[PDB]
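In what follows, a structure is listed as structure tokens, so that the remarks can point back to it.
By convention here, the first residue in the shown sequence is residue 1. Atoms within a ligand are numbered from 1 in the order they appear, just like the ligands themselves.
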Amino acid sequence: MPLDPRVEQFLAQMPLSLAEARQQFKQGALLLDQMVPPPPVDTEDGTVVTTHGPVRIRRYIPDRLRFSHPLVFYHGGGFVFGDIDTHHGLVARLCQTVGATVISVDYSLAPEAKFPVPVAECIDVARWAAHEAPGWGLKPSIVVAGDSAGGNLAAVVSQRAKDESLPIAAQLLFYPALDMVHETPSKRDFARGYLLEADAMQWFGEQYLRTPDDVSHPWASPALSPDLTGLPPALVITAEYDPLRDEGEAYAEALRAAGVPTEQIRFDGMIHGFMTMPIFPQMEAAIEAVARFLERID
Ligand SMILES: CCCC(=O)Oc1ccc([N+](=O)[O-])cc1
Ligand SMILES: CCCC(=O)Oc1ccc([N+](=O)[O-])cc1
């Protein structure tokens, strides 16, 4: 199916120290937010004590609370880039459109922290949120969410939840990375030219993982886990022209066949990252998909 027209234009107009590349990634996100300002939203900064140190968070409070579970959101950026500010545009809209409290998490970035530190941190924040939820007038079961690398973290947290005594009501995976071991057709075919590229993904893995053997670890590659029974209800959103598409859709099919309530939505003509790119109407359509999915959770 053809590239979305606006996506095609964006790709057509596209043209370093670690610090410079981080700043560049942040300038890119600010630019998009200037083009399509986020909705106003009440927020409160805070810090969660985790097993790997303090982790900054931002709690988003909807104008009108309509959803009975807190969302815990883990930003993407290949485990190296991104923060609460880069993902504000998405989180503010999730909060106001769903009508949910959202905890946005500033987990520790690679290469300064390596696998599996961010996983641990993200588990700890999820547990904190479950504990706090009654004091917010909410159910203790949380919804975890993330894009890309953040979708990886949401998926892994979801797999660890029962063993970690963590009540999780649902998982929202936005074009997640899930399998660092296997080539898929999409990973081969869309490896260059669609914003997320092969060589970038290799580099991210080099920064995040301790050794190449870590690719086979289920906390890096959750798609490898043989038993998906009993995992939380899943919304899995993919982009058609995304190297990560195929592993996302395959994981959704495996969840479904393991009896997990699963909604799988591919946005045709779209690319990786579209849910933090408000120049595309499909970002808000996907956020509407989230609200409609969460309506069904109870
Ligand atoms: C937001 C982008 C997330 C991303 O590309 O994360 C990845 C990190 C490593 C691998 N890999 O080693 O294959 C893939 C994705
Ligand atoms: C996508 C695979 C990336 C990978 O193999 O990551 C690493 C490679 C080499 C080292 N190392 O030996 O330091 C660590 C991770």
#### Entry: For atom 4 (C) of ligand 1, closest protein heavy-atom neighbour
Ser148 OG, 3.6 Å

### Summary
All heavy atoms of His272 vs all of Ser148, minimum pair found to be NE2-OG, 2.7 Å

### Query
With the threshold set at 4.0 Å, does a side-chain nitrogen-carboxylate oxygen contact exist between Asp106 and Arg58?
no

### Task
Check for a donor-acceptor pair, side chain of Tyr107 on one end and backbone N or O of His75 on the other, with a separation under 3.5 Å.
yes

### Summary
protein heavy-atom neighbour closest to atom 8 (C) of ligand 1 works out as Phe204 CB, 3.8 Å

### Message
With a heavy-atom distance limit of 4.0 Å, tell me whether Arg210 approaches ligand 2 through its side chain, its backbone, both, or neither.
### Response
backbone

### Query
So which of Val157, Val49, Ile103 actually passes side-chain contact (heavy atoms from CB on, under 4.5 Å) with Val125?
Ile103

### Message
Can you tell me which residue among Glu44, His88, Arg93 is in a side-chain contact (heavy atoms from CB on, under 4.5 Å) with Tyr60?
### Response
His88

### Message
Any heavy atom of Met201 closer to ligand 2 than 4.0 angstrom?
### Response
no

### Query
Any idea which atoms of ligand 1 are less than 4.0 Å away from a heavy-atom of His272?
1 (C), 2 (C)

### Query
Which residue supplies the protein heavy atom nearest to atom 6 (O) of ligand 1, what is that atom called, and how far is it?
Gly78 CA, 3.8 Å

### Message
I'd like to know if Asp163 and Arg160 make a salt bridge, using a cut-off of under 4.0 Å between side-chain N and carboxylate O.
### Response
no

### Message
Among all the protein's non-hydrogen atoms, which is closest to atom 5 (O) of ligand 1, and how far away is it?
### Response
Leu196 CD1, 3.7 Å

#### Entry: Proximal ligand 2 atoms for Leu209, defined as those under 4.0 Å from one of its heavy atoms
14 (C), 15 (C)

### Message
Centre-to-centre under 6.0 Å for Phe204 and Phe81, is that the case here?
### Response
yes

### Identity and separation of the nearest protein heavy atom to atom 15 (C) of ligand 1
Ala177 CB, 3.6 Å

### salt_bridge(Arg296, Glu263) N-O dist < 4.0 Å
yes

#### Entry: Proximity of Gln202 to ligand 1 by residue part, where a heavy atom lies under 4.0 Å
neither

### Query
Identify the closest protein heavy atom to atom 12 (O) of ligand 2: which residue and atom is it, and at what distance?
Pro212 CD, 3.9 Å

